[PDB]
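In the form solved without the ligand, a lone chain appears below as structure tokens.
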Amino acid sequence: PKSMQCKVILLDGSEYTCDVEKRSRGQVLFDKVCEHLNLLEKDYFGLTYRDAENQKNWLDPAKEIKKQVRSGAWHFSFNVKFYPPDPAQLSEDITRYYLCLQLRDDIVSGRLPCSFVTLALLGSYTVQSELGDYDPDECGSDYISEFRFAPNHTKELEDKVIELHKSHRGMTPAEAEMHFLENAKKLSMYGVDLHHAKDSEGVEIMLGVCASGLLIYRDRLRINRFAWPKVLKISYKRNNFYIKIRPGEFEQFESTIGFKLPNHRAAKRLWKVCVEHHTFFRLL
């Protein structure tokens, strides 16, 4: 029975290696990674791989691994797929822990923009969770700890993390993680999966996919929002993505809205993430 070596980047940056039978469905490898992680609330999470165009794709747990990674290496990352709108409602602390690790990477990467003060407050919760109570013996007038807190570090930011870390004395790891989550969940780009597209006029937009629905970022003044209940049908054809908006009260007909994606694969990828968010956040 021929088995393939899988390599999985974990949220703490370490690399987990295992083997699955070469005809294995994605779920088999996902089960192995979740059991390694002692994670029971698996529904929020998934594995990503890079396609032949070097684009991040969700590994479909229901499909053969080989028919998705195709000609590519069996290298994956473990990631948050569905960001819970209210992480306080998750049943386990370890679930909230993995969600915190993902968000820290969202922040450092710049995918989750964040004000100076929120960067410092999130960092201060991370430090409290991992070091415990502020100790000055690990803090002088020039201290720059190993934690990555931001896409661009400054001494001012490092200073503010420590000022706030002093205020958290006696905070337990589960407690600091929950505070981290109560601030992060409020950020305007929390859990937003962004896709480059063009509107029906050719103007470059971003389509955001999140729990509350589909977001259309035209400019800073022009931001359309479509709540999931208002979307009856999501489709793609060629490089085009369409959503069928529900008829408003007393309106005779549905309206269709169309976008141009970079290529056919980008159109299919956005279609599949929309259906999955629509399904997930309809049931949650």
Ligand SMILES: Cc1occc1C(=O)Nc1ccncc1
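In this text, residue numbers run from 1 along the sequence as written. Each form is matched to the other, and the largest set of C-alpha atoms that superpose within 1.5 Å is called the rigid core.
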{"property": "Which of 248-256 and 32-40 lies farther from this form in 9 other deposited structures of this protein, as RMS of C-alpha positions after a rigid core fit", "result": "248-256"}
{"property": "Positional deviation of Cα atoms in 9 other deposited structures of this protein after core superposition, greater for 47-55 or 61-69", "result": "47-55"}
{"property": "Between 243-251 and 50-58 (mean CA B-factor, as deposited), the higher", "result": "243-251"}
{"property": "Given 85-93 and 130-138, the range whose Cα B-factors average higher in the PDB entry", "result": "130-138"}
{"property": "Top Cα B factor in the deposited entry, candidates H36, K66, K42, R218", "result": "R218"}
{"property": "Deposited CA B-factor, highest of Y190, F78, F116, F147", "result": "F147"}
{"property": "Record-listed C-alpha B factor of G170: chain third", "result": "middle"}
{"property": "Relative C-alpha B-factor of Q102, binned into the chain's lowest, middle or highest third", "result": "lowest"}
{"property": "Ranked C-alpha temperature factor of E182 among modelled chain residues, by third", "result": "lowest"}
{"property": "Where the record places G202 (Cα B-factor, split into thirds across the chain)", "result": "highest"}
{"property": "Third assignment of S124 from its chain's C-alpha B-factors", "result": "lowest"}
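Although not depicted, the form solved in complex with the ligand is the subject of the following passage.
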item: Clash check, the ligand transplanted in the deposited bound form by site C-alpha superposition, 2.4 Å backbone/C-beta; value: blocked
item: Distance check, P85 to the ligand in the deposited bound form, heavy atom within 4.5 Å; value: yes
item: 4.5 Å heavy atom contact, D43 and the ligand in the deposited bound form; value: yes
item: Stretch 268-283 - residues with a heavy atom within 4.5 Å of the ligand in the deposited bound form; value: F280, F281, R282, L283
